[PDB]
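See structure below.
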Amino acid sequence: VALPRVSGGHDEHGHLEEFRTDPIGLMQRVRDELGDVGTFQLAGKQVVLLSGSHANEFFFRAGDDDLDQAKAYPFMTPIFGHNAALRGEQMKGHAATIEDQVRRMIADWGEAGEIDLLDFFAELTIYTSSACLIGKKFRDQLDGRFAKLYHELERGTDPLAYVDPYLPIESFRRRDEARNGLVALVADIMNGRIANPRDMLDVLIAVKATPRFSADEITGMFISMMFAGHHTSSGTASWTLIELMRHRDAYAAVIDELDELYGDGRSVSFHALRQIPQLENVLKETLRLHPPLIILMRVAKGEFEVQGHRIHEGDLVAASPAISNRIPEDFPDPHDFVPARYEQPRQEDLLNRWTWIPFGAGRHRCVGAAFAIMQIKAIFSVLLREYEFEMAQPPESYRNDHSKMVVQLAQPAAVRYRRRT
Ligand code: HEM
Ligand SMILES: CSCC[C@H](NC(=O)[C@H]1CC[C@@H](C)CC1)C(=O)Nc1ccncc1
């Protein structure tokens, strides 16, 4: 018995080509035509796309014995080749680290100027991530080259990886070359440390077996440590700023709140760990509209039924924060930016436990969420108190690029700044 299948997908790799150009439109059509359980074809693989509270509950409550997350991502192998840092006791230090990295990034801004949001936030979040997760010593040996290479690595996630992660296409060539470039950067750092003498890199260097670990092995470890939090935090920062500029009433409310809160004289390392309500509600609404992970994958390990539909062993099964986060029965006026949705009387995030899912839900809910929310609070506590921001292009022209499985803000994303006075 065939599962319901969405229209189209008559191209050579079925729906893959559409998934490479407009994955959100594809997923919305699955739901529009078929409901809570529908399928599309990615080359040789059927994807069973689940949506709505009932089907999402099944998806998110499944453990790795039923729905296996790791086997759904074999294409990350050419890229790769956290808990320690996410302990609550370390958060205060991380907030201070992040404040420091932001001030470093804006140190040359002067009175006024123009930035590109992807270039700015992508680079900044390389610095916050490396400093927090590997160490300040290591971060201080990084520069813009590392960020440029890391970005090429992220761009190595074209959905054609579902055909074969090793095809001779330019983005895969560039992925492999970028990884090579990172190993070289890391090798040069290790070499410098020999000649001129602690962090995680020192622990690893000291291991023996003759050194146990090569630059390639170490680079892989560091790439994997930084990956989950990099493009997600970068994009979320960009979109938080874009939504504030698009909604000047929300922006004004956030500024008033930051000024009042910081009037107690306590640092960002204090406040970024505590309530900043208007900014937090803007962040929640930003995540609902612009979830950086638009689809979540699993491989079925068994036979299941969901609303009469049978999932078979080996099936790819997916959930979509992009689609679920806009279900109109759950989120009134789902295309509208309404941070009031999260205020205490409404609490639409908390009420919709299985469909407000920018950070997932149940068994695999984001363990980086507290860090990521603190990081946004720390970044904007600095930026919005020091500078005022305006769009340098039409407000509707800021958009994501969905050509790779790793979503990124499309360029250009030009923004003006001017010192607040
Ligand atoms: C705004 C930033 C972030 C967003 C939007 C986000 C999103 C998500 C989502 C949707 C899931 C569920 C995945 C699934 O069910 O397949 C998840 C899980 C997870 N995230 Fe994040 N993430 C963010 C930042 C981070 C950071 C900074 C880290 C690490 C420092 C991280 C590490 C993880 C890990 C390890 C899981 C798996 C949890 C488990 O399997 O128990 N994420 N995240
Ligand atoms: C489909 S493009 C790759 C997306 C990427 N996924 C990954 O890095 C992981 C690979 C295998 C793991 C078991 C789980 C997911 C990622 O950035 N995931 C992520 C980010 C933030 N939190 C959780 C997962």
Side-chain angles (χ1 to χ4, degrees), residues 19-21 23-24 69-70 72-81 101 105 116-134 139 142-167 169-186 216 218-239 287 290-297 321-322 358 366 368 371-372 375 398-413:
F19 192 65
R20 290 173 81 213
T21 75
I24 298 178
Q69 181 197 26
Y73 296 89
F75 53 86
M76 294 298 291
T77 299
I79 289 170
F80 303 153
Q101 300 304 321
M105 280 287 294
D116 175 279
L117 297 184
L118 177 66
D119 285 336
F120 182 79
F121 283 119
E123 181 181 11
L124 170 55
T125 55
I126 284 294
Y127 298 142
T128 57
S129 295
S130 53
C132 291
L133 284 38
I134 296 157
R139 179 272 178 268
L142 306 187
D143 57 32
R145 295 170 299 156
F146 191 98
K148 295 294 196 193
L149 294 167
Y150 208 94
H151 189 71
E152 296 292 313
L153 201 62
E154 292 170 349
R155 296 210 314 159
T157 53
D158 190 307
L160 281 170
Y162 281 102
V163 181
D164 189 327
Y166 310 92
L167 291 175
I169 65 182
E170 180 66 359
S171 62
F172 291 172
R173 188 194 67 82
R174 289 175 64 159
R175 176 200 66 196
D176 291 346
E177 286 307 322
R179 191 179 186 290
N180 289 340
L182 289 164
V183 178
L185 290 188
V186 168
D216 178 74
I218 292 168
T219 301
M221 293 180 258
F222 291 171
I223 287 161
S224 75
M225 286 167 74
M226 292 176 261
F227 202 91
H230 180 249
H231 69 99
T232 52
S233 296
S234 170
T236 297
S238 287
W239 278 107
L287 285 163
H290 313 286
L293 311 185
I294 61 167
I295 189 173
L296 305 179
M297 317 297 291
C366 186
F371 179 86
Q375 172 168 57
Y398 298 91
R399 68 191 177 69
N400 282 326
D401 177 343
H402 287 110
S403 61
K404 309 302 186 292
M405 285 290 290
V406 172
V407 181
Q408 308 268 14
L409 192 70
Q411 293 177 304

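Because only heavy atoms are used, hydrogens play no part in the values below, and waters and symmetry mates are left out as well, while side chains stay in. Numbers here are sequence positions counted from 1.
The backbone N or O of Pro74 sits less than 3.5 Å from a side-chain atom of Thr77, completing a donor-acceptor pair. With hydrogens and angles ignored, the 3.5 Å screen pairs no side-chain donor or acceptor of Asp158 with any backbone N or O of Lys404. Proximity of a side-chain donor or acceptor of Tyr150 to a complementary backbone N or O of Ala178 within less than 3.5 Å is not detected. Within the 3.5 Å criterion, the main-chain N or O of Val406 finds a donor-acceptor partner in the side chain of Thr157.
With rounding to the nearest 0.5 angstrom, the CG atom of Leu185 is 7.0 Å from the CZ atom of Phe146. Taking OG1 from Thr128 and CE from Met226, the interatomic distance works out to 11.0 Å, rounded to the nearest 0.5 Å. Summarising the geometry, atom CG belonging to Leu124 is positioned 11.5 Å from atom CG belonging to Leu117; distances are rounded to the nearest 0.5 Å. In this structure, CG in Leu167 is found 6.0 Å from CG in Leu160, a value given to the nearest 0.5 Å. Here CD1 of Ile79 is found 11.5 Å from OG of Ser224. Values are rounded to the nearest 0.5 Å. Separation of atoms OH (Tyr166) and CZ (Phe172) is listed at 10.0 Å; rounding is to 0.5 Å.
A salt bridge links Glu170 with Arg173: at least one charged nitrogen is closer than 4.0 Å to a carboxylate oxygen.
Residues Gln101 and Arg139 have side chains that bring a donor and an acceptor to within less than 3.5 angstrom of each other. Counted by atom type alone, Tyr127 and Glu123 present one or more donor-acceptor pairs between their side chains at under 3.5 Å. Checking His230 against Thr125 by side-chain atom types alone, a donor-acceptor pair falls below 3.5 Å.
The salt bridge (charged side-chain N to carboxylate O under 4.0 Å, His left out) search around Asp176 returns none, not counting sequence neighbours. Judged as a side-chain hydrogen bond (donor to acceptor under 3.5 Å, both in side chains), and not counting sequence neighbours, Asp164 has no contacts.
Side-chain atoms of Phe80 and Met221, non-hydrogen and from C-beta on, never get closer than 4.5 Å to each other. Counting only heavy atoms from C-beta outward, the side chains of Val407 and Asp401 never approach each other to under 4.5 Å. For the pair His231/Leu293, a side-chain contact is recorded, criterion being any heavy-atom separation below 4.5 Å from C-beta on. The side-chain heavy atoms of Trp239 and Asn400, taken from C-beta on, include a pair separated by under 4.5 Å. Residues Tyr162 and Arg20 have side chains not in contact (no heavy-atom distance under 4.5 Å, counting atoms from C-beta outward). Side-chain atoms of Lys148 and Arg145, non-hydrogen and from C-beta on, never get closer than 4.5 Å to each other. Using a 4.5 Å heavy-atom cutoff, the side chains of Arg179 and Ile223 are in contact. Counting heavy atoms from C-beta outward, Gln375 and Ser233 have side chains that approach closer than 4.5 Å.
When every heavy atom of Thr236 is checked against every heavy atom of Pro292, the shortest pair comes out as OG1-CG, 3.8 Å. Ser130 approaches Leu142 most closely through the heavy-atom pair OG-CD1, 3.6 Å. Counting all heavy atoms, side chain and backbone alike, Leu182 lies closest to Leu153 at CD1-CD2, 3.9 Å. Heavy atoms only, all atoms of each residue included: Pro78 and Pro165 are closest at CG-CB, 4.1 Å.
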Test log, rule side chain to side chain contact (heavy atoms under 4.5 Å, CB included), inputs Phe227 and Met76: CA-CA 10 Å; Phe227 202 91; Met76 294 298 291; 3.7 Å; yes
Intermediate values then yes/no, side chain to side chain contact (heavy atoms under 4.5 Å, CB included), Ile126 and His151: CA-CA 10 Å; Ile126 284 294; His151 189 71; over 6 Å; no
Derivation of the side chain to side chain contact (heavy atoms under 4.5 Å, CB included) call for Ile295 and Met405: CA-CA 9 Å; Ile295 189 173; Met405 285 290 290; 4.2 Å; yes
Residue pair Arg174, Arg155: steps toward the side chain to side chain contact (heavy atoms under 4.5 Å, CB included) verdict: CA-CA 8 Å; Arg174 289 175 64 159; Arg155 296 210 314 159; 3.5 Å; yes
